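A.B. asks: Shown below is the structure under consideration.
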Amino acid sequence: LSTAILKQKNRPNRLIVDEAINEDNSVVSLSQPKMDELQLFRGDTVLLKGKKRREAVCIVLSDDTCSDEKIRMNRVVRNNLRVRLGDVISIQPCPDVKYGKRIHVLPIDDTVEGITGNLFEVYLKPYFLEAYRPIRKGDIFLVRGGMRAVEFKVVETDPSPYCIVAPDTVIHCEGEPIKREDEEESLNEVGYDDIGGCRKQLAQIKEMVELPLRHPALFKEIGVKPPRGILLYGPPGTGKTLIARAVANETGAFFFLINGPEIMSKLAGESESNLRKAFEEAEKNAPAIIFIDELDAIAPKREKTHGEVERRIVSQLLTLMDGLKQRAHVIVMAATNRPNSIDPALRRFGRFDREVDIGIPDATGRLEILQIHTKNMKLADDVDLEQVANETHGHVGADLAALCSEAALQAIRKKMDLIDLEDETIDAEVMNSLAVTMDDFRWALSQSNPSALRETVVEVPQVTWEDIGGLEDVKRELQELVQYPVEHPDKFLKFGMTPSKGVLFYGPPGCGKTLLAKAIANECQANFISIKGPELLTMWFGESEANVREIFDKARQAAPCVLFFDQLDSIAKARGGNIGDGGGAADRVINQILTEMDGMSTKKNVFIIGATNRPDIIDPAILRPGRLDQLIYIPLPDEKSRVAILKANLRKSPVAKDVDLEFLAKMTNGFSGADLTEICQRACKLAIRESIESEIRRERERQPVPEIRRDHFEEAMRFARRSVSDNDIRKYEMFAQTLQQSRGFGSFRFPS
Amino acid sequence: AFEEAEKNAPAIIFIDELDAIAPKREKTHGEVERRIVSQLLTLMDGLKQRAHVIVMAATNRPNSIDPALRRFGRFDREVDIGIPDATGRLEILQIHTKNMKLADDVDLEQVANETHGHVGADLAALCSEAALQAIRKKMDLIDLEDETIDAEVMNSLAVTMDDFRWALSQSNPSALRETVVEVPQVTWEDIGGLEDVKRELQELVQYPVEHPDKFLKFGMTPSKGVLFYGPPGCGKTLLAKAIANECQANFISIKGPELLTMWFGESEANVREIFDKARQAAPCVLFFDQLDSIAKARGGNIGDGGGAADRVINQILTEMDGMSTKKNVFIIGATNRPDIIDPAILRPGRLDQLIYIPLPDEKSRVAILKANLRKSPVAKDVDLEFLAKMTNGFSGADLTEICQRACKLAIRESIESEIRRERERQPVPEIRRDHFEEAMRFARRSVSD
Amino acid sequence: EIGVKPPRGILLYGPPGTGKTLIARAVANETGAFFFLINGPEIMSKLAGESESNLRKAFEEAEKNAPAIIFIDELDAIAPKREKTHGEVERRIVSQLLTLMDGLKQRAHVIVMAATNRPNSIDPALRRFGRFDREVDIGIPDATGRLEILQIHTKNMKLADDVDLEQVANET
Ligand SMILES: Nc1ncnc2c1ncn2[C@@H]1O[C@H](COP(=O)(O)OP(=O)(O)OP(=O)(O)O)[C@@H](O)[C@H]1O
Ligand SMILES: Nc1ncnc2c1ncn2[C@@H]1O[C@H](COP(=O)(O)OP(=O)(O)OP(=O)(O)O)[C@@H](O)[C@H]1O
Ligand SMILES: Nc1ncnc2c1ncn2[C@@H]1O[C@H](COP(=O)(O)OP(=O)(O)OP(=O)(O)O)[C@@H](O)[C@H]1O
Ligand SMILES: Nc1ncnc2c1ncn2[C@@H]1O[C@H](COP(=O)(O)OP(=O)(O)OP(=O)(O)O)[C@@H](O)[C@H]1O
Ligand SMILES: [Mg+2]
Ligand SMILES: [Mg+2]
Ligand SMILES: [Mg+2]
Ligand SMILES: [Mg+2]
């Protein structure tokens, strides 16, 4: 019901835009049954609606090729109406068109160059001679002939704007030629269709700025005054200023733009004078819309503001929107990154009554955004925008635009050999072959990350699941953890349960916790934020808690996101055991983490993963299911896992075939993964020492070791040691057996 | 302005936003602002000899006004335009709905009773939102692209009780707009066990507003403080969610450490502001999840730290003592570490009620398992009673984890079947006995003895 | 012809001495576009509204001479996080920069470049796409890179025949 405004409902007037085979710039062709339904005779002047407040006039024609549900037009009228292929436009009979007395015509500057003959005589005179072609202001049409075809833009027509060009009517092309960039920018205008995702938000905005203007009679009849204030808030890059541009481009209302800091002035009372001048200019202009970009810049809380000028400006805004004298139907929109920074008196019904959340788009929303951004791009056949939409988990639309731009720039980079920057021009063949393919989009996807996570970007050493030896069950569980809620949510909605979103890795040092986190960061299809434990702590009072809150908010925005704490035992610990820690800053941080993982806020697809050497000291509430639901124990590998670890370390290593890894794994009882990696590194280093001494011998005689042999591994094992002791294993197994006793029974079976 | 008022007397001078030009001259930094405050004080003093000039001013920050203006002789009288009660809200709705095309089925008394913290601008917003919902309902008949409309649409267009109920669902007090947080939809049947706790909470939240005359008769004021303490995962925050969703009262859900700020004196200001907006929204439930973050034992931070936490807890106790019996603000606290709460928080008149949320028992565990599985397709031959008997010391979170892991295994099996059919070409409608057994094989007790 | 706009915002970052201001100087010297230099601090003024007025004047001047490049040296000085900065005249200059870089009216041919030793202290809304499209890490050079730097610096010097810059590069 919210998007009821948006639906077209398939009215008869709308017809699909189609290519016209023979119709010239001033005529259109429609099917005979469709005209019979519309009661239109041949040659009738018919008015065409267009997007962005554009309209076109043409002469209807009876075409058998044209379908009843379609209208055939050339590119000229399509340009005039600002529409693309497959769009639906209105047609209505145009009443009382009067023959023109005089029209002022201006050509496009890029066309006028290279034409020695007079443009009016060569082009306009034969084109318009006995033409009987209706024209409208702002309509760009093309005339063939001469060396180069010269487009003509009719700036002025009389009677304004509907007239029929006739031989008696005076036509002239004298004046400054229209800048090609001006017409291009007119084409490059934002509309409600250029807004992707946020369909309900756009529906609300259209109900609140477009609906009262189109049909005031609704609100005069039902006897209510529509909302007069819009606050757009969301993370940066979600489309707040884009929605403002769309509204400005395609509303008949007067639009006044206020940029936040532009109000400020050094003179006393000059800022308030600027605000009053803006509001008075809007009020003079009947229905008007005032957009205040960056509202939080000039609307801070009066109680928290220190400077008097800022508070006086906030008060001026307060009295302007809702004071003793009421606004004369002036719509006030504003956009802000920080809605909670705004003065609370502004956020009531009289001033900013409706707050619209332009949030992070979902998969379908971001597919729509990708289609909008690539509608003008040249895409190859293998491009698949649905897959790109699936991959980009945290992107907000500015990130999608960045992805498309980087894909196109990669497509251009593929042509560097054929293109020389010293060369003044590029070949036609290079222009034709240049296009964006799926490979470029995949590369851009590899480069792309959400902008909100730029601050939390950490280089991960590119570990793969195969780099980890053993831990097959843990690998499967981590992959399922990250994948099932993302790719298969309807399964959870069918079974009616939310996914678990927490895992704790506890085990001896060197056994593969951080390695599993690296494998997740590289292989899992989710955003990844990596946190060293004590990095969130700050000297200031309340700032460590703010850092925890901020990192959790970043994870929430970028969902599905994996939040990894490499050393959980630092930031999370049992409360009440720290004598100092500031003023209980450590305990307050723990409580903040507790409220973040499980509080009264709704749950998102944020997976918190923690690794700890010593799991006994972590706060018991942190371990509670719903916060780190699963406690995974990463123990010392057994012989099969030791074989797998040794093989995973030596896969790239050129190692002798006669080297026996099974014997090594058998002898290395009690060794961790770091221990076996150390054995392999020692063997590599002994081989390198041997090769260096052989090369030194060759150099001396002038004035070897392709692979790692059994003797190298023998000596490496001779210097090998066991890193984790039996007491450490005893305490880890003690924690594991406490959990096992918590299970309460050896085997659970339902009675038969 | 004052001279023009005197020339045309009797006169009334209305100073809208008085705090814009009347800050405390001591706190004022600018010379022109100070000179203006002094000039306005001088004009107010000279207002005595003025024959018929009366100055009326309005401000929403009365405290920020310079105190010298609030002595006697200048701005002598102060009128408190407060938050309207139920009958006041009904009067405001009658005023704002007199031009509306109200249907017959509407009862503005119900709309007045539902809106608790609304101040009158929120009631106008409710009327506007309801009328816009009414227009939305007819948007199928009339498309926006239509330049003109049928008259039968005008005849059809009117505001019904469904529209007011929709606006009621959408409506939130403007005061609580900065504090609003999305809360999961939880009902009292979503909670299993704690029947006595549910009844006691409903009594504490309902009786002081519905029957204050009873408390006046017996002379005993209702308690305005609750403390939830218990093992983690046992349902304190679940009860808070249920109260937020079901109870007919405003809810302010605030974590502990978000009030704290590095700037000196901002944390106490935040505490004052949250309690003030709790008063403005009464009947309001003020909930502190993890109470021990802001309310911790005094003397611990005395030795180590700046000392702002003690100031915070002092301001909290001041705010709790400030609110009177008549104002209906219920302060609920929850902590899984009761021992590290400051006992001053616990003393009578402040969080007096102490409710312990224990580890659930066998009947409670059956109730918890049934509540978790009410919306899940489960095999008839699954026995929740045996699950409750086998899970002796499990908390509610542990049982929910059992159910979630059973769901995960069922989803894994369904995906396996999908992959099998896809591979062979080129199932699991409900959770069963074996899924629950395999989930139990991983089960653990969150809370130790 | 490909159907996209080129990226228009560049944030160079790295430790001191890597060559961010050197790269800015090279770009200014060897591009055929109106180059505007903004120093971070110099915009600031004690007056209210003067500093963002300076930013508006600079961006408008770059607009009037298009195509243009604006270089904002020491961006962290002029662009701290709004959530962190307390003073109003800092929040306001950051908001002005945000509006100038991507607002309801978008700069057409202006390329805004910046250099910061610390990129995290920059306000996150600036690190967005539409403002600062791509961030380039000018990092510590390798042995070959530092050999190239030594060759660049010693091209003007007179070096004896025994001079071997390869060893000097290997040692530093
Ligand atoms: N929903 C969307 N659909 C299509 N394009 C979008 C959408 N959201 C953003 N964009 C594009 O990405 C960029 C985002 O800039 P925009 O001005 O819309 O963001 P914003 O919400 O105002 O952000 P900021 O808080 O930084 O001001 C623009 O280039 C815009 O074209
Ligand atoms: N299962 C494994 N397969 C392959 N390599 C492993 C494995 N376990 C550990 N390693 C090796 O151990 C080293 C890093 O160990 P890792 O970071 O995983 O330890 P950790 O368990 O997180 O320990 P810590 O508590 O000390 O941080 C790497 O050399 C890695 O190759
Ligand atoms: N009585 C109950 N009925 C149904 N589910 C319950 C019950 N008690 C707990 N749960 C489940 O366990 C979790 C409840 O955790 P909750 O946040 O309520 O605990 P808490 O007592 O506030 O703990 P903490 O102090 O550790 O945050 C939810 O997943 C909920 O589904
Ligand atoms: N890559 C380089 N190649 C050649 N010379 C270099 C290079 N990097 C730095 N230099 C030399 O070092 C000098 C100082 O470097 P520069 O001023 O560019 O540093 P910066 O990274 O901008 O530092 P700052 O943080 O002080 O702004 C340059 O003028 C130049 O002489
Ligand atoms: Mg913006
Ligand atoms: Mg580690
Ligand atoms: Mg809780
Ligand atoms: Mg420099």
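Sequential numbering from 1, following the chain as shown.
According to its header, this structure was worked out by electron microscopy, 3.1 Å.
Cβ coordinates are placed from backbone N, Cα and C, and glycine is handled just like the others.
Feature table excerpt (Swiss-Prot):
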BINDING   A:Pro236, A:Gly237, A:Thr238, A:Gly239, A:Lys240, A:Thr241, A:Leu242, A:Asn337, A:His373  ATP 1 binding site
BINDING   A:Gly510, A:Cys511, A:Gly512, A:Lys513, A:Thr514, A:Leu515  ATP 2 binding site
CROSSLNK  A:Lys7  SUMO2 cross-link
MOD_RES   A:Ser2  phosphoserine
MOD_RES   A:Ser26  phosphoserine
MOD_RES   A:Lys304  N6,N6,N6-trimethyllysine
MOD_RES   A:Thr425  phosphothreonine
MOD_RES   A:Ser451  phosphoserine
MOD_RES   A:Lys491  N6-acetyllysine
MOD_RES   A:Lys494  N6-acetyllysine
MOD_RES   A:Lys657  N6-acetyllysine
MOD_RES   A:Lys657  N6-succinyllysine
MOD_RES   A:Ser691  phosphoserine
MOD_RES   A:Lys731  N6-acetyllysine
MOD_RES   A:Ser747  phosphoserine
A.B. asks: Go through the recorded positions A:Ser26, A:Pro236, A:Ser451, A:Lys494, A:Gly512 one by one and keep only those whose Cβ is less than 8 Å from a Cβ of chain C; report them in sequence order, or 'none'.
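C.D. replies: Sorted by position along the sequence, the hits are A:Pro236, A:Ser451.
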A.B. asks: In the structure shown, with every protein chain counted, which of the binding-site residues A:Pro236, A:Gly510, A:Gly512 has the densest set of Cβ atoms within 10 angstroms of its Cβ?
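C.D. replies: Its Cβ has the most other Cβ atoms within 10 Å: A:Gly512.
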A.B. asks: Can you filter A:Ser2, A:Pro236, A:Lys491 (the recorded positions) down to those whose Cβ is less than 8 Å from some Cβ in chain B?
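C.D. replies: So the ones by chain B are A:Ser2, A:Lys491.
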A.B. asks: Using the recorded ATP 2 site (A:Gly510, A:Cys511, A:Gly512, A:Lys513, A:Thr514, A:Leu515) as reference, state which further residues of the same chain have their Cβ within 8 Å of the centre of those residues' Cβ atoms, listed in sequence order.
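C.D. replies: Sorted by sequence, the hits are A:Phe505, A:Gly507, A:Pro509, A:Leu516, A:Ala611, A:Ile634, A:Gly673, A:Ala674.
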A.B. asks: With every protein chain in view, how many other Cβ atoms are within 10 Å of the Cβ of A:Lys513 (ATP 2 binding site)?
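C.D. replies: Here the count is 25.
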A.B. asks: Which one is it: of the recorded positions A:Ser2, A:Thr238, A:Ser747, which Cβ has the fewest other Cβ atoms within 10 Å in this structure?
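C.D. replies: Checked A:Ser2, A:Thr238, A:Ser747; of these recorded positions, fewest Cβ neighbours within 10 Å: A:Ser747.
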A.B. asks: When a 10 Å sphere is centred on the Cβ of A:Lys491 (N6-acetyllysine), how many other Cβ atoms does it contain?
C.D. replies: 21
A.B. asks: Cβ under 6 Å from an atom of ligand 5: which of these recorded positions qualify? The list is A:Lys240, A:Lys494, A:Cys511.
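C.D. replies: The qualifying recorded positions are A:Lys240.
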A.B. asks: Scan A:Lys240, A:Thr425, A:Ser451, A:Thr514, A:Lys657 for recorded positions whose C-beta lands under 6 Å from an atom of ligand 6 and note them, or write none.
C.D. replies: A:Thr514
A.B. asks: For the binding-site residues listed here, A:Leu242, A:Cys511, A:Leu515, which shows the highest count of neighbouring CB atoms within 10 A?
C.D. replies: A:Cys511
A.B. asks: Spatially speaking, which of the recorded positions A:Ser26, A:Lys491, A:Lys513, A:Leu515 is closest to A:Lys240 (ATP 1 binding site)? Use C-alpha to C-alpha, please.
C.D. replies: A:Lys491
A.B. asks: Restricting to the same chain and to sequence separations of six or more, state which residues have a Cβ under 8 Å from that of the residue listed as 'SUMO2 cross-link'.
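C.D. replies: Set apart from the residue listed as 'SUMO2 cross-link' by at least 6 residues yet with Cβ under 8 Å, there are none.
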A.B. asks: Have a look around A:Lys240 (ATP 1 binding site) and count the other CB atoms within 10 A of its CB, chains all included.
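C.D. replies: There are 26 such Cβ atoms around A:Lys240 (ATP 1 binding site).
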A.B. asks: Given the recorded positions A:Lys304, A:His373, A:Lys494, A:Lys731, which one is most crowded in terms of C-beta atoms within 10 angstroms?
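C.D. replies: Most Cβ neighbours within 10 Å: A:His373.
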A.B. asks: When neighbour density is defined as the number of other C-beta atoms within 10 angstroms of a residue's C-beta, which of the modified residues A:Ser26, A:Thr425, A:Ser451, A:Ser691 has the lowest density?
C.D. replies: A:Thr425
A.B. asks: Under DSSP, is A:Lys494 (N6-acetyllysine) part of a helix or a strand, or is it coil?
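C.D. replies: For A:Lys494 (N6-acetyllysine) - judged by DSSP and reduced to three states - the answer is helix.
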A.B. asks: List those of the recorded positions A:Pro236, A:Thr425, A:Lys494, A:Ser691 whose Cβ lies under 6 Å from any atom of ligand 2, in sequence order, or write none if there are none.
C.D. replies: none
A.B. asks: I'd like the number of other C-beta atoms within 10 A of the C-beta of A:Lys657 (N6-acetyllysine), please.
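C.D. replies: Around A:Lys657 (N6-acetyllysine), other Cβ atoms within 10 Å: 6.
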A.B. asks: Listed recorded positions: A:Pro236, A:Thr238, A:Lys240, A:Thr425, A:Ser691, A:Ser747. Which have a CB under 6 angstroms from an atom of ligand 1?
C.D. replies: A:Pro236, A:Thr238, A:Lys240
A.B. asks: What's the CA-CA gap between A:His373 (ATP 1 binding site) and A:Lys304 (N6,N6,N6-trimethyllysine) in angstrom, rounded?
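C.D. replies: A:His373 (ATP 1 binding site) to A:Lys304 (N6,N6,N6-trimethyllysine), Cα-Cα distance: 41 Å.
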A.B. asks: Which three-state DSSP class does A:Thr425 (phosphothreonine) fall into?
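C.D. replies: Its secondary structure by DSSP: coil.
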